[PDB]
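Experimental coordinates follow, after the sequence.
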Amino acid sequence: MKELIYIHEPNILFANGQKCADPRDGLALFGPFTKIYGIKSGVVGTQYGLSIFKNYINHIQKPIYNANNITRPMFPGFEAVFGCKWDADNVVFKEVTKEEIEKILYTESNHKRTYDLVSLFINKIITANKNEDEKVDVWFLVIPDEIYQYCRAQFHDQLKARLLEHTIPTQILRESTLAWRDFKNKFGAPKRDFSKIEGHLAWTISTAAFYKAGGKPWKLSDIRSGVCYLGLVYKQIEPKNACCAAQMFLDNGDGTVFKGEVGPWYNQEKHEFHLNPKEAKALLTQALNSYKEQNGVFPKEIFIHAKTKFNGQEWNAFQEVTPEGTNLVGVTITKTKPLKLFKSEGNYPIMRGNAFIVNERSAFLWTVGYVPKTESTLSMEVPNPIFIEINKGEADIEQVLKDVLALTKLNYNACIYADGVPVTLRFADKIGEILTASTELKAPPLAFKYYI
Amino acid sequence: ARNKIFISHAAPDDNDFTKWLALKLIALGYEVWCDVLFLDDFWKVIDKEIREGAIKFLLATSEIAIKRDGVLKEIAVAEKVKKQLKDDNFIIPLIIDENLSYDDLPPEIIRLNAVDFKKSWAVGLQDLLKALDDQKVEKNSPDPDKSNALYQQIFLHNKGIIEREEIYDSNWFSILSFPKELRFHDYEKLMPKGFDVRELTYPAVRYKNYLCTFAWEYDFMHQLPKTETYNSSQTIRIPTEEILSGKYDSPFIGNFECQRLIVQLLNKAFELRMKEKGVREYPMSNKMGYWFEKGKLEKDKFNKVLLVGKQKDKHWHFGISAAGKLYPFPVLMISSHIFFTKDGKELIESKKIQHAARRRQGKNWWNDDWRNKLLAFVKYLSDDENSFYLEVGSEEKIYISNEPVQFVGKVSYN
RNA sequence: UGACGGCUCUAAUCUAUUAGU
DNA sequence: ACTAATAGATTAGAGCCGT
Ligand SMILES: [Mg+2]
């Protein structure tokens, strides 16, 4: 008989330091941790796209009721949740003609096609960014379906990458999402039906817009102080690999500071997805210096986690550049071995937060499960748990589980209950997808506002 | 004294608005009694307050809250109470329904000016908060303590996790028994053409130049010419109990490599016996499924849970892929699959078509549906009552529990 | 690319071992 | 040293549907 220890759900801080377990409830009830004065929109689309965007903004002004209000919380309205104003009439609209898109699409070179499609939008924003006095906080790109389907060296990745040197928060919204009712797959019904999940769509879009405009919808507090939770992701370039780092740590006031710590890092090694000693030393020195400048003193622990296992050489380099009094914990999080738990009698999956301890150096954690708070399980099918292995260093296998579960609750790109994989890894993955989309960038923007 | 703000509404529909507003007002230091917030004769308790406890009577007005006679009763008493209080600024309507024309209300309220919530709730709450200070309604400090209690009693006490014990059926099938000892035979020279072990009927792997196998040196004689004449007393034999304990560490072979060879032998034996068993196989990208076919299953079903099926034009077949993992405890990790066949006789040769079906078919099946199918499909493998054996040698073999490992958890949900 | 999740198909590396160059 | 084979492992990706 195998015993499953249980890890409870951590609490995330909201306005006035009040705690809750669901962003979709904590925000609607309490309000964001930091409030902004308002959001100046910026739209780069057609007249059709501008009309759609204004319609959607005014629609989310009013409360949004989704079909199953009980399982997924309703949307009070943008100003009702966040406390700032987001009007559809303050749009600094920059028109894009379908004809110039058409002449771009007719070019033989696909790489030049996607480069020119990116260049159109970015140069119009670049131009507006420097030639418009009206300040714009977030630029919302209402792209048509032709861009999405004809152009497939990715539109989104390069577009986010080529704006990094100018530091312009952007939000791509395909017109299929905003006008889903009038986008039908010739059957007479929408291509993807948002009807029962309209409120959750409003939640996600509004949260993304609020975050990119300088607001912090919620922050984390159920993590150990003095520890720099650091995540690495390796991305393929074809025979090079690129490593990206995202770090989250409590400050002097115990407030989470989540920032990327990524410079271009390329390793040529026979072993896949590893790092030469120089790159590893540079990465750890950057992270430690960032913690030092944010808090003064050095961390009491460097909780390095990744989807891969570290070899000896890079760990020795890590230790060599590490000062004294600081411990290093290298944790590998893998999601490949199928351990599907079926409940004996019933029809709803295992509760999220259950944890199976293999031994002192490994565990299974169900970061995806059935959450009673929303009554809606995060997985349609049986949820595969994440295998958390303490690869190197000394740690408490339950403390690592609770730390990972806490790190699974800071996804600002979506206002879901919690993320299946820890957020630092997923955001480092997004950075790697973007930082590698364009050529190596000097001092790349270190804030997720410019990536997600 | 009367320091409570009564909130009246439709019971099954206006809950969302009133819950937000009541919690919003409570968070600001007010004392708000709402039936959704504090209901537990019902007319008598609310009347007491309306005539004694209520200081304001906020009407969540909508196209249904004005057709709810129960609600109209609550206004009828409010109005009177208003006359007892001479408080003309008592009933303060709250119109959230943009569908409501604002000018289709009962005479009692049609003469009173609403607070507009039709266009956005935030300005309406700003309007309400504006009115409440204007009418000097007293309010306590917005302490998030007693207010926190109401918040949890409403939503954060619901977060509660049933602390009863549940039983979870996984997909790990432990290996009941491993052979007494591991044997390293030497057929390097006896090998007629150093051929692979496809001819061998017993799982064998040539570690270095020694064909190690759980089959005895004499077992290979039919498919192995020259090897037929092999002398004994020249076979490296390692205790499998020592290997699994990770105790055998010799320069000839390490524990890691020996366990690797054990895993490989188990995988081969499963593939072998699979052929012994009546079931068609499927070539997946990186595994071998077993697409059950018509004839091998009565009514395309077994152990009371189908393992086969038929789609709109194709046929779904519940298949499984086995990979034995000694870590943590020797188990035969089994994975569920669905193979769609053109007519239950031949699998579609299009991976994209097969995948798109697996997906659509996956919507129908549930937790219990997958568990029953997996357990029934495994129970077909059973040779004896409570297990099934996978030969690892003519004399030695590996037995695997036909029931998966049970996992028991501390907590459950509703 | 509002999102999340499951799955499917490729691909390489690592390690061991033998063969050959 | 360097290629080929058989694995098992460990990681990438590309993809395609569901909600
Ligand atoms: Mg985003």
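Perfect, thanks for sending it. Numbering: from 1, shown residues only, chains lettered A, B, ... in the order given.

use CA for all of it now, contacts and neighbours both
Will do.

contact partners of the longest helix seen in chain A?
For chain A, the longest helix by residue count, based on DSSP state H, is helix A:110-131. By CA atoms under 8 Å, 6 or more residues apart in numbering or on different chains, the list of residues contacting helix A:110-131 from outside reads A:44, A:94, A:101, A:104-107, A:136, A:139, A:141, A:147, A:151-155, A:158-159, A:162-163, A:166.

and residue A:412, what is it in contact with?
Here residue A:412 is in contact with A:207, A:208, A:211 (criterion: CA under 8 Å, 6+ apart).

Excluding sequence neighbours, find me the nearest residue to the second one.
What sits nearest to residue A:208 in space, not counting adjacent residues and going by CA to CA, 6 or more residues apart in numbering or on different chains, is residue A:413, at 5.4 Å.

How many residues are close by the one you found?
Look at residue A:413: counted by other CA atoms under 10 Å in any protein chain shown, it has 19 neighbours.

mind checking the SS state of it?
Using DSSP: H, G, I helix; E, B strand; the rest coil, the secondary structure recorded for residue A:413 is coil.

Leaving aside the residues adjacent along the chain, what's closest to residue B:81?
In space, residue B:81 is closest to residue B:51, 5.7 Å off (CA to CA, 6+ apart).

Need phi/psi at the one you found.
The phi and psi values for residue B:51, taken as degrees, to the nearest 10, are phi -90, psi -10.

Identify the residues contacting it.
B:77, B:78, B:81.

Now the helix or strand where the last one lies - C-alpha only, CSV.
Using DSSP states H and E, the secondary-structure element containing residue B:81 is helix B:69-85. Once side chains and other backbone atoms are set aside, the C-alpha atoms of helix B:69-85 remain, and they are given as CSV (Å, rounded to 0.1, in the frame of the first residue of the first chain):
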residue,chain,number,x,y,z
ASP,B,69,-43.5,38.4,-6.0
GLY,B,70,-41.3,37.2,-3.1
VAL,B,71,-39.1,40.3,-3.9
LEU,B,72,-42.1,42.6,-4.3
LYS,B,73,-43.2,41.5,-0.8
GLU,B,74,-39.8,42.7,0.5
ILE,B,75,-40.3,46.0,-1.2
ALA,B,76,-43.8,46.2,0.1
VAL,B,77,-42.5,45.9,3.6
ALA,B,78,-39.6,48.2,2.9
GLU,B,79,-41.8,51.0,1.7
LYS,B,80,-43.9,50.8,4.7
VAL,B,81,-40.8,50.8,6.9
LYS,B,82,-39.7,53.8,4.8
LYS,B,83,-42.9,55.6,6.1
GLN,B,84,-42.0,54.6,9.7
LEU,B,85,-38.5,56.1,9.0
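
Can you list the buried residues in it?
B:70, B:71, B:72, B:74, B:75, B:78, B:79, B:81, B:82 (16 or more other CA atoms under 10 Å in any protein chain shown).

do stretch A:398-410 as well
For stretch A:398-410, by 16+ other CA under 10 Å, it's A:398, A:400, A:401, A:402, A:403, A:404, A:405, A:406, A:407, A:408, A:409, A:410.

how about those in CSV, adding secondary structure and distance to residue B:91?
Compiled in CSV, those are given as follows (DSSP: H, G, I helix; E, B strand; the rest coil; distance: CA to CA, whole Å):
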residue, secondary structure, distance to residue B:91
A:398, helix, 56
A:400, helix, 56
A:401, helix, 54
A:402, helix, 50
A:403, helix, 51
A:404, helix, 52
A:405, helix, 48
A:406, helix, 47
A:407, helix, 48
A:408, coil, 47
A:409, coil, 43
A:410, coil, 44
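
nearest to RNA strand C, of the residues you listed?
Set against RNA strand C, the nearest of the buried residues of stretch A:398-410 by CA to the nearest atom of the strand is residue A:408 (8.8 Å).

residues from the stretch 201-350 of chain B in reach of RNA strand C?
B:206, B:207, B:208, B:209, B:257, B:283, B:284, B:285, B:286, B:337, B:338 (CA under 7 Å from any atom of the strand).

roughly how far apart are residue B:296 and residue A:227?
As for residue B:296, its distance to residue A:227 is 58 Å (criterion: CA to CA, to the nearest Å).

Tell me which of those two has more neighbours.
Taking other CA under 10 Å, residue B:296 and residue A:227 do not tie; residue A:227 has more neighbours (23 against 15).

show me what contacts the closest residue to the more buried one other than its chain neighbours?
The shortest distance from residue A:227 to any non-neighbouring residue, by CA to CA, 6+ apart, is to residue A:301 (4.7 Å). Counting by CA under 8 Å, 6+ apart, residue A:301 makes contact with A:226, A:227, A:228, A:326, A:327, A:328, A:329.

need those residues in a markdown table with secondary structure and distance to RNA strand C, can you?
Listed next are the contacts of residue A:301 as a markdown table, based on DSSP: H, G, I helix; E, B strand; the rest coil; distance: CA to the nearest atom of the strand, whole Å:
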| residue | secondary structure | distance to RNA strand C |
| --- | --- | --- |
| A:226 | coil | 27 |
| A:227 | strand | 24 |
| A:228 | strand | 22 |
| A:326 | coil | 29 |
| A:327 | strand | 26 |
| A:328 | strand | 23 |
| A:329 | strand | 21 |
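
Please identify which of those is nearest to residue A:252.
residue A:226 (9.0 Å; CA to CA).

hmm, the longest helix along chain B in reach of DNA strand D?
The single longest helix within chain B, with elements called by DSSP H, is helix B:255-276. Yes: applying CA under 7 Å from any atom of the strand, one finds helix B:255-276 in contact with DNA strand D at B:259, B:260, B:261, B:263, B:264, B:267.

just the buried members of those?
B:259, B:261, B:263, B:264, B:267.

and the closest residue to the ion within the stretch 301-414 of chain B, what element?
In the stretch 301-414 of chain B, the residue found nearest to the ion is residue B:359; the distance is 25.9 Å by CA to the ion. Using DSSP H and E, residue B:359 sits in helix B:351-364.

which residues touch that helix?
Under CA under 8 Å, 6+ apart, the answer for helix B:351-364 is A:381, B:316, B:338, B:339, B:340, B:348.

Secondary structure class of whichever residue of the stretch 351-452 of chain A sits closest to the ion, three-state.
The minimum distance from the stretch 351-452 of chain A to the ion, using CA to the ion, falls at residue A:452 (4.2 Å). Assigned with three-state DSSP, residue A:452 falls in the coil class.

how much space between it and DNA strand D?
17 Å (CA to the nearest atom of the strand, to the nearest Å).

Pull the contacting residues for the closest residue to that residue other than its chain neighbours.
Once flanking residues are discounted, residue A:452 sits nearest to residue A:413: 6.2 Å by CA to CA, 6+ apart. By CA under 8 Å, 6+ apart, residue A:413 lies in contact with A:204, A:207, A:208, A:452.

The last one - how many residues pack around it?
When neighbours are defined as other CA under 10 Å, residue A:452 has 21 of them.
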